[PDB]
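Comments concern the structure below.
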Ligand SMILES: Nc1ncnc2c1ncn2[C@@H]1O[C@H](COP(=O)(O)OP(=O)(O)OP(=O)(O)O)[C@@H](O)[C@H]1O
Ligand SMILES: Nc1ncnc2c1ncn2[C@@H]1O[C@H](COP(=O)(O)OP(=O)(O)OP(=O)(O)O)[C@@H](O)[C@H]1O
Ligand SMILES: [Mg+2]
């Protein structure tokens with residue numbers, strides 16, 4: 001069950017779910033395994049908020065263990081396409097895809113909580129079939145690895161070689177370590 | 001099935017679910033195994049109440065057997081970030097995460113029922129793969145264990161060394177014993 | 001009789017930044033008198049009447065245009081205000097007195113009186129309103145518009161004989177109102193909302209749709225130009241009254257460059273006014289060309305038209321004026337771009 | 001000779017404490033008005049224009065007090081009006097032209113003095129509209145009054161009865177141009193602070209990136225009012241044309257605890273001096289401790305009534321003493337202490 005809250009406006013009282021009420025304030029929740037259906041939902045929210053106010057900044061709360069790469073690219077492309085700056089906040093954790101979306105946020109507006117845990121790894125996939133087909137899928141995933149690393153280097157500011165070395169094996173970065181790496185800009189310790 | 005209750009207001013009668021009605025009074029219910037999905041719901045509820053009145057104190061009933069660490073840290077960081085003092089209450093029981101969040105409440109506003117059972121243990125985890133990967137993941141859980149023990153000492157007030165020894169194995173603490181340890185401040189035996 | 005170019009040239013001297021509006025007024029007034037010179041309409045077809053509606057934002061020169069136009073034309077020019085006008089038989093006022101005022105200016109000559117012009121300022125103020133229980137009756141509103149509409153249709157209006165004796169004596173001098181130009185000018189505040197609601201296409205949500213940011217949403221300029229009779233009816237104006245006013249002169253908010261000229265080009269400009277004020281105290285005032293740009297920028301934000309300029313000058317010079325009389329040996333004061341921003345203080349020469 | 005602004009401000013400082021900005025604006029306006037009167041526009045081609053002032057300020061901030069004190073030193077005729085009484089033309093309530101009639105009385109039927117005069121209109125915010133929309137029904141006391149003032153502020157001849165308004169054909173109404181009649185409109189625009197906060201403060205959301213102040217760190221009414229712009233007044237209800245007629249805008253600040261303490265003794269007509277004279281005529285001396293005055297200021301601030309709040313605290317503290325003081329005998333002096341304000345200790349008496 002999702003709790004419902006009452007919003008008071010001049011028009012009159014209105015009833016919203018706890019998630020829709022936050023959506024009214026330009027807040028999108030990215031939670032759980034990334035996949036085609038959840039990604040399309042986030043894409044629809046970004047476009048909807050763009051029309052309402054293309055000047056204000058959107059917020060994205062990323063707490064996910066990662067997921068499909070293809071679904072994540074739809075979100076990344078949507079963020080860079082729309083004019084509003086997307087602020088990414090890491091709550092709990094942010095795996096490979098969650099981290100890629102986290103660092104993909106607007107320069108200067110990327111935040112992370114102190115006890116958050118960030119993890120970045122290279123893409124993983126598999127194919128069963130003829131050797132000829134294996135060579136095709138094997139080449140395709142390598143392109144994704146290079147393409148993803150090229151984009152991470154841009155946002156983080158690290159060299160492509162450095163990203164490749166670190167992403168070869170699972171690397172866990174704390175909130176302060178992420179600031180140095182360039183994934184995020186600042187930490188939200190307390191309300192000021 | 002959740003029952004529906006009527007609330008009498010100047011505007012007129014309104015129907016609310018039992019959980020939403022209590023949310024209006026700054027009461028958040030934490031129940032069951034901790035996970036990313038329920039954690040994001042609690043986070044949204046906390047932020048919503050902060051906007052309505054950042055001065056009034058929030059209440060967080062904790063009856064859970066524990067769960068994922070990352071999901072719990074999102075709740076912990078959120079409670080500390082916001083201005084309102086979060087008053088944690090222990091109903092039935094409070095496992096590792098339930099206890100860590102319970103003691104994380106504002107000083108002087110942490111409570112527990114007389115027959116509640118608190119339990120604290122070190123993190124649990126596992127990984128299967130190459131030896132190199134095992135070393136990476138093994139170092140994280142050690143940092144998490146040290147980081148979680150550091151925070152417990154800050155709230156409870158016990159020394160870091162004592163927390164390590166006591167948390168090495170499952171330790172069950174009754175409501176009065178928890179007061180001496182520092183996890184809670186007072187017991188609610190009867191309404192005065 | 002006067003050529004439109006002559007009319008536009010005269011107005012340009014006193015009016016700045018309303019070239020489009022001035023063109024309509026010159027053409028409209030020229031065609032009106034032209035029709036009066038001819039008789040019988042020269043054919044069965046009826047030559048449409050020329051009635052101007054000076055709609056424009058605040059401080060856009062609506063009143064200035066009418067007042068400056070009277071100087072050029074020798075014909076009698078009278079100015080009235082719809083606010084004072086009320087239904088007949090009430091303590092407020094009577095609409096019929098407007099004709100009598102026009103006669104006083106022309107010395108009660110019916111011949112030249114018919115060739116006069118009228119300017120009813122604040123016409124929008126009498127816009128139709130809903131009934132109020134507390135108020136006894138709505139004297140101001142559609143009732144006043146009916147009286148004014150009657151004069152446009154053409155009706156003889158009896159006028160007392162120069163304040164006759166207690167006995168009426170039945171003089172009732174008659175003056176036809178069909179040939180009398182009836183200009184009505186008002187700033188229709190809030191009309192932009194209804195006009196925008198009708199011509200707003202809306203913002204899409206898809207990838208290929210066109211998003212409209214609040215910066216380029218709309219402005220008073222280019223919006224009032226698309227005014228139609230239906231939107232004016234919603235404001236409260238009677239449809240028949242709108243139909244009787246085919247000519248529509250819509251003004252636009254003055255631009256930065258236009259405001260800069262008003263600061264110095266007119267003889268009675270704001271800068272010259274303060275210069276004379278300081279000269280009365282024994283000091284000379286100088287305004288830099290860069291300072292004028294900042295003042296115009298601040299005035300545009302106020303949205304009060306020309307009147308906004310005085311606010312900026314009074315604020316910037318408030319501190320110096322307070323201490324300047326008490327101060328001694330200061331012979332010259334200079335204001336620059338930095339002073340307008342407020343970070344710097346007015347420069348003083350000793 | 002011509003009084004300088006500093007001299008004029010000195011008089012205002014004697015009666016008004018803390019409103020330095022209002023005094024400067026008022027002094028400069030009087031100085032310019034005097035200069036325009038000293039040298040008429042006929043002297044040169046230039047036609048000097050006037051600038052009206054809008055005295056925005058909270059309750060008990062000295063808006064009305066400034067007008068009263070100003071009349072003390074104004075050699076030019078001055079009069080005070082009430083916007084509530086004013087109504088649009090054609091209604092039984094009142095007419096805007098009546099304002100000129102009141103000013104004409106002070107000049108003894110002198111049109112020249114009345115034309116070059118100053119006028120004050122208190123409670124100008126009362127005639128403000130409810131919302132940015134013009135109206136739903138006719139407003140006799142609202143925008144309609146503002147619509148009639150437009151011609152009066154800018155300048156228009158005003159018809160008024162010459163003497164007695166009777167036995168004269170057509171009443172022989174006098175025509176006096178109001179183009180040179182300075183108009184000062186002072187009002188307490190309640191609720192304007194939230195309007196300004198809407199545009200000044202942004203980002204009021206629910207998330208981490210939102211802005212939460214908790215009502216303690218929020219900007220005060222005085223600070224918000226200082227950032228007032230004409231666009232804000234449009235939402236409050238003021239007509240755009242009316243604002244243009246009033247270019248100068250003066251914002252008064254909320255009286256602080258220190259300012260209130262000074263008002264108790266520093267001004268010529270202070271609250272303490274008023275009660276002291278009450279005791280002096282009855283044969284008693286009233287003494288107030290320095291700490292006592294500070295305590296009264298804190299309590300008065302909570303009331304939110306500004307300077308008027310001070311009177312409430314003094315009345316309650318001296319309620320019992322005044323009731324039994326006349327019955328008492330051999331009373332020559334009285335002293336008030338900090339505890340007396342709190343109510344713990346009864347005020348000392350000298351027998
Ligand atoms: N186009 C302009 N050129 C020069 N001066 C202008 C112009 N428009 C306004 N002004 C200045 O503004 C003052 C008053 O303007 P005016 O009364 O014509 O505005 P308005 O159109 O009547 O506004 P409203 O109808 O809202 O009162 C004049 O003293 C004049 O100097
Ligand atoms: N700045 C001040 N200095 C000294 N006394 C003040 C000041 N402001 C207000 N007072 C006191 O408050 C009383 C009335 O104040 P005043 O009527 O001027 O407030 P106001 O601004 O008119 O309030 P409102 O806006 O509600 O009409 C006076 O008797 C005066 O003693
Ligand atoms: Mg007052």
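Numbers run from 1 along the shown chain.
Method on record in the header is electron microscopy, 3.1 Å.
Cβ atoms here come from the backbone N, Cα and C positions, even for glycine.
So that you can see what the record holds, here are the features copied from Swiss-Prot:
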type	residues	note
ACT_SITE	B:96	active site, nucleophile
ACT_SITE	B:121	active site
ACT_SITE	B:170	active site
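Distribution of Swiss-Prot features across the structure.
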| residue | record | DSSP class |
| --- | --- | --- |
| B:96 | active site, nucleophile | helix |
| B:121 | active site | coil |
| B:170 | active site | coil |
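Separation of the C-alpha atoms of residue B:170 (active site) and residue B:96 (active site, nucleophile): 9 Å, rounded to the nearest whole number. Residue B:121 (active site) sits 6 Å from the residue listed as 'active site, nucleophile', counting Cα to Cα. Within 10 Å of the C-beta of residue B:170 (active site) we count 11 further C-beta atoms, all protein chains included. The Cβ of residue B:96 (active site, nucleophile) lies under 8 Å from the Cβ of B:66, B:119, B:120, B:121, B:123, each on the same chain and at least six residues away in sequence. Counting every protein chain shown, the number of other Cβ atoms lying within 10 Å of the Cβ of residue B:121 (active site) is 16.
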